[PDB]
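Protein chains in written order, with the numbering used here: chain U, 889 to 1288; chain A, 3 to 403; chain X, 24 to 413; chain D, 966 to 1365; chain C, 195 to 274.
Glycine residues also receive a C-beta, built at the ideal position from the N, C-alpha and C atoms.
Read through the structure below, which is laid out as structure tokens, and then see the notes.
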Amino acid sequence: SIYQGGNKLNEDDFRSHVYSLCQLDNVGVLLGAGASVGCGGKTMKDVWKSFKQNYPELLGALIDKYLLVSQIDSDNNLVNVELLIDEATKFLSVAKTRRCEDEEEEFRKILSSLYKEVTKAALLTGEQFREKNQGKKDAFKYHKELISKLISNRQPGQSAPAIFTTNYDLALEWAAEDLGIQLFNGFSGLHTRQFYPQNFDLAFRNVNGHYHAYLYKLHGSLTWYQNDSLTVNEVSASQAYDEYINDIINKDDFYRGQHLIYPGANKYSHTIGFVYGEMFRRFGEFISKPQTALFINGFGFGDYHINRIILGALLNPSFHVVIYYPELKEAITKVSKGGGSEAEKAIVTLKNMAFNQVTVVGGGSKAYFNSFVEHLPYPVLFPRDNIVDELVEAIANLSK
Amino acid sequence: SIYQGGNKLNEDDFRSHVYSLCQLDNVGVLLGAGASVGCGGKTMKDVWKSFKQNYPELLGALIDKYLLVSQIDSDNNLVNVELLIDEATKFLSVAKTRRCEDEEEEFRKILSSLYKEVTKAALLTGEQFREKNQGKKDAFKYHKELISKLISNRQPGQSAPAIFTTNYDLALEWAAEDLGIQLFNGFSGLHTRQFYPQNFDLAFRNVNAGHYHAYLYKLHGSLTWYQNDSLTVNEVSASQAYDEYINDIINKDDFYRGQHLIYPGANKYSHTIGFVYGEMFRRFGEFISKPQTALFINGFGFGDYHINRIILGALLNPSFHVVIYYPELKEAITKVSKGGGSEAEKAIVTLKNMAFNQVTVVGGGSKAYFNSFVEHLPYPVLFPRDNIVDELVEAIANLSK
Amino acid sequence: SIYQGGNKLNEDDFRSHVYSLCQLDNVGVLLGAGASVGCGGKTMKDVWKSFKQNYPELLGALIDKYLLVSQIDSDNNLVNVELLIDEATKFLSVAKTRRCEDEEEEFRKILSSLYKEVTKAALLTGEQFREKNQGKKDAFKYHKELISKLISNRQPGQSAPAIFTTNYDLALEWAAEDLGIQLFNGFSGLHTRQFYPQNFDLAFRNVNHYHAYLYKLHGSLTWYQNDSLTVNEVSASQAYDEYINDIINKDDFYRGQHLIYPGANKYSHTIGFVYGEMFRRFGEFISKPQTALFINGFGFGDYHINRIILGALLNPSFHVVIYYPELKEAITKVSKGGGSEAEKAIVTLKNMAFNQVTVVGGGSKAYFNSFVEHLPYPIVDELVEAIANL
Amino acid sequence: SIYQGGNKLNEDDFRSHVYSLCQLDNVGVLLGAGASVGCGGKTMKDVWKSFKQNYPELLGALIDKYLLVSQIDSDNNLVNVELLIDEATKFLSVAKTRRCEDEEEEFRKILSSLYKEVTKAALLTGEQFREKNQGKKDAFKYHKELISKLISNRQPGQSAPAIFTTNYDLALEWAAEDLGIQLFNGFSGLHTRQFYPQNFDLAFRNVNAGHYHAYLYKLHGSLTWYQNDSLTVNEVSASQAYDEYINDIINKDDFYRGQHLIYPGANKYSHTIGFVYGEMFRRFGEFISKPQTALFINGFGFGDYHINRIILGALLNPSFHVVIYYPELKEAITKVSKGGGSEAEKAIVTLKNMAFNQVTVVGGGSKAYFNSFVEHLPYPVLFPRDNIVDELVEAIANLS
Amino acid sequence: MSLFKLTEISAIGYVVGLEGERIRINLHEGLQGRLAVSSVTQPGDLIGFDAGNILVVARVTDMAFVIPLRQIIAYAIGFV
Ligand SMILES: Nc1ncnc2c1ncn2[C@@H]1O[C@H](COP(=O)(O)OP(=O)(O)OC[C@H]2O[C@H](O)[C@H](O)[C@@H]2O)[C@@H](O)[C@H]1O
Ligand SMILES: Nc1ncnc2c1ncn2[C@@H]1O[C@H](COP(=O)(O)OP(=O)(O)OC[C@H]2O[C@H](O)[C@H](O)[C@@H]2O)[C@@H](O)[C@H]1O
Ligand SMILES: Nc1ncnc2c1ncn2[C@@H]1O[C@H](COP(=O)(O)OP(=O)(O)OC[C@H]2O[C@H](O)[C@H](O)[C@@H]2O)[C@@H](O)[C@H]1O
Ligand SMILES: Nc1ncnc2c1ncn2[C@@H]1O[C@H](COP(=O)(O)OP(=O)(O)OC[C@H]2O[C@H](O)[C@H](O)[C@@H]2O)[C@@H](O)[C@H]1O
């Protein structure tokens, strides 16, 4: 259920390990699409169901003529959504060049529908997305405990925690604003908010505070947009909803470059994307520092770039990771029988290492977000040696 | 019934925590109108009940014509005094501006009758207010114990305690003058006492090289202070004050013209000539903005906006600890769960649900009273037990246990 | 016309003195509505005049039935347009509480008109108020110089400059945003901004780019109070689309105890809390050792500010420089029996007998733009257009 | 013809300027397809002439059917050769996916000619490509001098020189293996070479107290990189590559494998091959965003859009300097002054007129060739300019 | 703390040495302004000395150097 360095480990030693791992110089977390299921979010398996239920003729067009999707793969709900966007884009580009009119419209429709379905799954609150004080509801309860626990375990003179994520939704911002804490994400201004790469080198100081962190969104956001002038701006939820989100959701208008998000396999196709590169440079610079710890939760292990990066950080003899994977044994067995997908081979390769710096957790529902948060400890205020207390119980043990 | 950071903790852990807190650099206490209930004072609920049964026609005029008090709140006793006073003041201001006559005189009588009830409840001893040695009675035993406990716990090179309050009575002044301690409250002189903001930075010293002292901040004024026409504030003694201007307020009627300065109002920023009020709150805000600070709150009802905002905003400092006492916590939780609750109850329920280990809340009915709060505070341990043979004592005892 | 305690001065000595003062630790600047006229602003006299000749049929009730305006002041264009709004709000609240349907409808029209004249004179760009990069234009050119030379002159280890203002427009915000520096105005957040009074004790640093502090003494266009008893701030576009548009382009409508400009709904305990903090911060700053102050555009129409200003001069380290244009025309009245209280106060400030106050007068010689020139001194478009050309 | 903001400056001032930019914190060089023409290479418009003189039958079908190239460009020899192979691979891939059997031969037959043409021009030695010690010949006399001059004028505590290129041949490797220098290029191993992107942050040091290494970024691939059956990129030696696949490409007339080769920027649609291309560009963009950088450009024709866009944006930093060699200013200035020429001419002439001191353009025909570039660079005082070792080696060989 | 305040004085230097009818003086630096209004920065002038009971009058003679330091030499002529 819990493995370290290939061997098996027990619960008490795991708790003692987790406690002493939070005293190091660097602490960070990387969250995925599963960490927001308890708030109103969805996964990539539900998007395919929604697509195949709402649009029943485009599915037949995909299956019969172009042969992009097979029948059995669609029946079992085992078709990758990211790998289909790239193929559709390739077909559209080829058709456009040779001046074909009829075959150019269908792929436009497919891309518009597939982009619309992805957007709906990130609001988390439906039409209530435009209101205010959305962090006061009971759903955003464990995000607050996560931030409080992370931020209170910081001795003076150290560095603030860092958070990476691949969601488009505003869960962390809603949680932190209701709590009163500030996060730095590279933007500045109110009437004209712009992206500045050098805004990641700042910090607070007291004129005569101390509660803040950083936030990196690797695959873009739902309130970001580019006005084609090689600048990127950020606005509020209500302004974005009144500007473009509502038209996409309801008016079924054709999709354009309203907001920059990155669903797809190859992220290097876009050439003028200078935020993705900055985010990944800052991510790659974080894991090369000595005395670092990282906790991974909700990540499905299906991205080439990210797990390509993770493997290269195990050549440093001061790096530690803890990985939460619910369905570990099913991945364990399928590999011995011939192998599963590329997603399930990576975790099995990671587990079977021989370094006492990789820990993998499994166990179904005991490796969830709520289970994750409660494992983190609270600071000890007013520490004391307490030697005489153990002397007293070492009296009582013989008194037994 | 004791929470810390949302979770629960028992009696012994609480006592060790309370012992640890009293060893820090700065310590202070904030008291409310419920702390002086065991001495002879009374709360606002009693003020409203005694008001409604003394001037029936004025209450009837308030309810019927001016529509300021609902017919239901009078019977269930939920009327708020401060908001009523402010509304009456606004009515008087507009009546003065539009030059109406009958309504202005009608409101003057109400505004005068309302202050008489407030003043009568702060005397604490009735007729013996104008006498001496009032702190020798047994009603002031726990005030003396609180003062003795606070001062004894300091170390050389540390600063003296501070006391903030919103009462008008003299219980805490009477108590100290029986111990021989000195309280600094910002006044100087005998034949002419005047207020100086500068002398909040004074301390004793011995010429051959009286080591006990403290400070007292009165947020809502006092029953002894009175302002003269020259825009200065003077202070007298209890006997002289009773003999010159609060024998005409009580026994005789319609005699209030700014005779002494108090703040029974909800909006205290409107008065643009009260600088004592702005002096006290500045010091209060300065105290809780320092490293290694502890604050104990007792008797407060959490129905004041400025204080709630100040307390909430100080919780982002990593060296601030509060302990809040609140008797009726269970009812507040129950009522908030149903989507209702008073504006005071949401504030106290919100504090209890925080995830920081720097907030502690105590409930329990009669276990969170004033006499119980004093008993929690520790006695100093002089001569920390020499040698380490207490370990041998514990062995000898516990092995046979 | 340069005076110093009844004396006279030449240009060069004053230009050296202002540099000498700027080498201090605590440096501050106080402004007024006089600095907004060079960008499209107005004054109290102008808006009062505009009000009189647009709504004359209801001017009588402000003098006959309710006694809000002095007839001499109305015919003299000297009324103060801040207390009128406050008293109108008090009257409307009392009427609404009394359930007087007949008299409740009277004051709503008056308030609707007054807010229309107030808002019309503060957009500074008309219908372009909601657009972006509005601080890039040539009109907002002089303001950037002030901030630049205030930041540059400060030595390492010096405190940041502080700025106080009576205006409630978005003028300095655009200048600072398009310069590329950050100002702390006391709010924080994006999807819900809230007022925290303790943010005034913050500062940046480099982990191995500057800032300044901005106080608004009378509110701003982008603040309001919603149903929940909390104060919010939005952008220019959001405010325009929410409430500002209807106020200018509708006949008759009123909301109530909503807006926080200018000094309006002081009768509530949630809105006065913000008003008090700015004033107490100014009072605490002005009473510190080794401070300076460069007053400009202020007509001395406030009773309370002068009381604080005079009292702080008891310390020898408090230095004041005033810029009062129409000085001699006040002296002439002062010699006569007539005058006004602001004129009496300013001439009393003239007739002092010490070298700490420095009054400056004249015509165009004492304007905001001239003061910008007195303070010391501290191709990208080609590359942008070349990149866009590709 | 030397300009600096529009003002002509003499030779000695230019030399004193070059001497001062070679002692900054960061120094770089960018080289194009004209820099290897003194070794046996060809330019881009010499390849089109050979193709259209050798295969006149496919040229009609490649213009009149699939609209892959214009008539004006193919008449004026202005074809972008490596931008056509990518589109051809896309066409072939889509045809293979949808199973159109008649269209596969028409693309498998032209991709076999494009490679047969571009491959042969990059060998530089014909049949001697598989032999050893190719760096001892006289064609590579100036590459050695460039590498030697770049390394010898660094002071302790300073970075290493960086070299970027768009050539995909083996000239620089052969030159550097003869001096004994070691060049990092992202690969490690001998019995299996593999691509490790994180080793661009590694450096050497001496255990007794050496500083002899540099970095090489190949933007368009190499002849010796290929993708085997598994999804990893390998590197081999020149002899091994020649015996594995190059011989059949040059000789056999119906040889096409599939998505196998990694030159020149071809199989970009695949998500494990575009990863290699993306890293080089990300690091190129990162290099020129530093406080004290100086970059020399030689052999480049300015016929690219992304590189021009990156270079223009890096000039809004007051401490970045550029030096440009272009042997055709005279024939471009007039064509722009009268009516306007091409995009390359427009770019270079817009750059020439800028009123900065940070740009310098050099022209004059043979006066701005690769060979003339080397002697403008300094030469250290203590660098040994003699020949003593070789005489001793001759005497040793003569012995017995 | 209360109203009473005592010190009000404004000088330009202090005596640092006496050598048989010859006086040395050190001039102030940290003073942002020596304004009170008269200032003496040149030889030939007259200066005064508060000795508690009487006033001693002198006459400036020299200036020189050696935040650096400035020095002055004077001679005495009478008292008031
Ligand atoms: N309540 C839960 N708590 C924690 N984990 C959970 C929970 N429920 C499910 N999981 C696990 O959470 C995981 C969810 O798997 P996927 O939906 O593929 O998450 P992704 O973020 O990788 O997918 C996003 C893709 O798009 C992006 O652009 C990236 O490129 C991705 O390719 C599974 O392991 C679940 O068992
Ligand atoms: N013996 C006791 N010991 C401690 N607390 C007690 C006791 N008896 C009652 N309480 C609690 O005492 C608490 C407060 O009683 P209230 O009179 O409502 O407090 P306030 O909100 O008026 O606060 C006082 C001032 O606040 C305003 O600003 C005005 O200026 C007031 O004068 C209640 O919770 C009781 O349960
Ligand atoms: N171009 C100019 N340059 C310089 N000074 C000017 C200029 N134009 C006018 N002035 C001067 O600047 C003065 C500004 O006139 P007013 O608008 O009454 O002054 P305020 O806005 O500061 O007073 C309003 C505040 O005071 C009260 O408390 C109110 O409630 C507000 O809080 C003119 O009289 C000229 O002397
Ligand atoms: N001996 C010489 N020395 C120096 N320069 C020379 C010499 N001979 C010719 N030239 C010049 O060398 C230049 C030859 O330019 P070309 O080979 O067409 O351009 P590229 O190498 O960028 O082509 C590859 C790019 O194509 C896409 O754009 C991608 O971005 C690729 O990077 C001309 O200016 C000649 O005058």
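(request) Output yes or no for whether 8 Å exceeds the beta carbon distance between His222 (chain A) and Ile264 (chain A). (result) As a position in the second sequence, residue 222 (chain A) is number 220, starting the count at 1. As a position in the second sequence, residue 264 (chain A) is number 262, starting the count at 1. Result yes, Cβ atoms of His222 (chain A) and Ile264 (chain A) sit closer than 8 Å.
(request) Label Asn288 (chain X) either buried or exposed according to how many other C-beta atoms from any shown protein chain fall within 10 Å of its C-beta, with 16 as the threshold for buried. (result) Locating residue 288 (chain X) in the third sequence gives position 265, counting from the first residue. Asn288 (chain X) is buried by the Cβ-count criterion.
(message) Contact criterion: CB-CB distance below 8 Å. Does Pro339 (chain X) meet it with respect to chain A?
(response) Position 316 of the third sequence, counted from the start, is the residue given in the question as residue 339 (chain X). Chain A contact via Cβ: absent.
(message) Using a Cβ-Cβ cutoff of less than 6 Å, which residues in the same chain neighbour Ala97 (chain A) once the five nearest sequence positions on both sides are dropped?
(response) Taking the second sequence and counting its residues from 1, one reaches residue 97 (chain A) at position 95. If we look at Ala97 (chain A) and ignore the five residues flanking it on each side, its Cβ neighbours are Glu105 and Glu106.
(request) Check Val1012 (chain D) in the structure and name its three-state DSSP category. (result) Along the fourth sequence, one-based indexing puts residue 1012 (chain D) at 47. DSSP places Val1012 (chain D) in helix when its eight states are reduced to three.
(message) Considering Cα atoms alone, identify which of A:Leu116, A:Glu345 and A:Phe322 is closest to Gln55 (chain A).
(response) What you label residue 55 (chain A) is simply residue 53 of the second sequence in a count that begins at 1. Checking every option, the nearest Cα to that of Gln55 (chain A) belongs to A:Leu116.
(message) 8 Å is my cut-off, CB to CB: does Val1198 (chain D) come that close to chain U?
(response) One-based indexing of the fourth sequence puts residue 1198 (chain D) at position 233. Judged by the 8 Å Cβ criterion, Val1198 (chain D) is not in contact with chain U.
(request) For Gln294 (chain A), count neighbouring C-beta atoms within 10 Å of its own C-beta (all shown protein chains included) and say buried if the count is 16 or more, exposed if not. (result) Within the second sequence, the letter at position 292 stands for residue 294 (chain A). By the neighbour-count rule (16 or more Cβ atoms within 10 Å), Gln294 (chain A) is not buried but exposed.
(message) In whole angstroms, give me the CA-to-CA distance for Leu1118 (chain U) and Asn412 (chain X).
(response) Mapped onto the first sequence, residue 1118 (chain U) falls at position 230. Mapped onto the third sequence, residue 412 (chain X) falls at position 389. Each residue's Cα considered, the two are about 13 Å apart.
(message) Taking only three categories from DSSP, how would you classify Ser321 (chain A)?
(response) On the second sequence, position 319 is the one that residue 321 (chain A) refers to. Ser321 (chain A): coil per DSSP, three-state reduction.
(message) Between which residues of its own chain and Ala37 (chain A) is the CB-CB distance below 7 Å, once the five residues before and five after are set aside?
(response) Taking the second sequence and counting its residues from 1, one reaches residue 37 (chain A) at position 35. Closer than 7 Å at Cβ, skipping near neighbours: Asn300, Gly301 and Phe372.
(message) Could you check whether the Cβ of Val210 (chain C) sits closer than 8 Å to any Cβ belonging to chain X?
(response) As a working note, residue 210 (chain C) is residue 16 in the fifth sequence. No, because no Cβ of chain X sits closer than 8 Å to the Cβ of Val210 (chain C).
(message) I want to verify the contact list: residues of chain X whose CB lies under 8 Å from the CB of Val234 (chain C), in sequence order.
(response) Here residue 234 (chain C) refers to the residue found at position 40 of the fifth sequence. Near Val234 (chain C) there are no residues of chain X at all, since even the closest Cβ is about 18 Å away, more than 8 Å.
(message) Across the stretch 199 to 211 of chain X and the stretch 145 to 163 of chain X, are there enough close Cβ pairs to call them in contact, namely three or more that are closer than 8 Å?
(response) yes
(request) Please confirm whether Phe317 (chain X) and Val52 (chain X) have their CB atoms less than 8 Å apart. (result) Position 294 of the third sequence, counted from the first residue, corresponds to residue 317 (chain X). Position 29 of the third sequence, counted from the first residue, corresponds to residue 52 (chain X). Closer than 8 Å, so yes.
(message) If I follow the unbroken beta strand (DSSP E) through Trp1190 (chain D), where does it start and stop?
(response) Against the fourth sequence, residue 1190 (chain D) aligns to sequence position 225. Looking at the DSSP string, the run of the beta strand (DSSP E) that includes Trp1190 (chain D) is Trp1190 to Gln1192.
(request) Taking C-beta pairs closer than 9 Å, name the residues in chain X that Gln911 (chain U) reaches, listed in chain order. (result) Here residue 911 (chain U) corresponds to residue number 23 of the first sequence, with the count starting at 1. Near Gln911 (chain U) there are no residues of chain X at all, since even the closest Cβ is about 21 Å away, more than 9 Å.
(request) Just mark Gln226 (chain C) as buried or exposed, buried being the case when its beta carbon has 16 or more other beta carbons within 10 Å. (result) If you number the fifth sequence from 1, residue 226 (chain C) lands on position 32. By the 10 Å Cβ count, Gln226 (chain C) comes out exposed.
(message) Cβ closer than 9 Å: which chain X residues qualify as neighbours of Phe1092 (chain U)?
(response) Here the question's residue 1092 (chain U) lines up with position 204 in the first sequence. Result: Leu225, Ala226, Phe227 and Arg228.
(message) Using the Cβ count rule (16 or more neighbours within 10 Å means buried), how would you classify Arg216 (chain X)?
(response) The residue given as residue 216 (chain X) occupies position 193 in the third sequence. Label assigned to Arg216 (chain X): buried.
(message) At a threshold of 7 Å, does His292 (chain X) count as lining ligand 2 (C-beta to nearest heavy atom)?
(response) As a working mapping, residue 292 (chain X) is identified with position 269 in the third sequence. Checking the Cβ of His292 (chain X) against ligand 2 gives no.
(message) Does the beta-carbon of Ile1262 (chain D), which I'm using as the reference point, lie nearer than 7 Å to any heavy atom of ligand 4?
(response) Counted from its first residue, the fourth sequence places residue 1262 (chain D) at position 297. No, the beta carbon of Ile1262 (chain D) sits no closer than 7 Å to any heavy atom of ligand 4.
(request) Check the Cβ-Cβ distances between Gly295 (chain X) and every residue of chain A, and say whether any is below 8 Å. (result) Residue numbering aside, residue 295 (chain X) sits at position 272 when the third sequence is read from its first letter. Judged by the 8 Å Cβ criterion, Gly295 (chain X) is in contact with chain A.
(request) State the start and end residues of the unbroken beta strand (DSSP E) segment that holds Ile290 (chain A). (result) Counting from 1 along the second sequence, the entry for residue 290 (chain A) is found at position 288. Per DSSP, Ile290 (chain A) belongs to no beta strand (DSSP E) and is neither H nor E.
(message) Quick check on the burial criterion: 16 or more other C-beta atoms within 10 angstroms. Buried or exposed for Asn79 (chain A)?
(response) Taking the first residue of the second sequence as 1, we reach residue 79 (chain A) at position 77. Classification for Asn79 (chain A): exposed.
(request) Please list the partners that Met1319 (chain D) has in chain X, where partner means a Cβ-to-Cβ separation under 9 Å. (result) Indexing the fourth sequence from 1 puts residue 1319 (chain D) at position 354. Here the neighbours are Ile402, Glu405, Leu406 and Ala409.
(message) In this structure, how does DSSP classify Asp961 (chain U) when only helix, strand and coil are distinguished?
(response) Position 73 of the first sequence holds residue 961 (chain U). The answer is helix: DSSP assigns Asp961 (chain U) an H, G or I state.
(message) On the DSSP bridge list, what partners appear for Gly223 (chain A)?
(response) Sequence index remark: in the second sequence, residue 223 (chain A) carries index 221 (1-based). A:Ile264, per the DSSP bridge assignment.
(message) Quick check on the burial criterion: 16 or more other C-beta atoms within 10 angstroms. Buried or exposed for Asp1134 (chain D)?
(response) Indexing the fourth sequence from 1 puts residue 1134 (chain D) at position 169. Classification of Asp1134 (chain D): buried, given that the 10 Å Cβ count is 16 or more.
(message) Just to make sure I have the definition right: I need the residues of chain X whose C-beta is within less than 8 Å of the C-beta of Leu69 (chain A). Which are they?
(response) As a first step, residue 69 (chain A) must be located in the second sequence, where it is residue number 67. Going along chain X in sequence order, the residues near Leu69 (chain A) (Cβ under 8 Å) are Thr120, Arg121 and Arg122.
(request) Can you check DSSP and say which residues form a bridge with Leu1294 (chain D)? (result) Within the fourth sequence, numbered from 1, the residue matching residue 1294 (chain D) stands at position 329. Among the bridge pairs identified by DSSP, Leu1294 (chain D) is matched with none.
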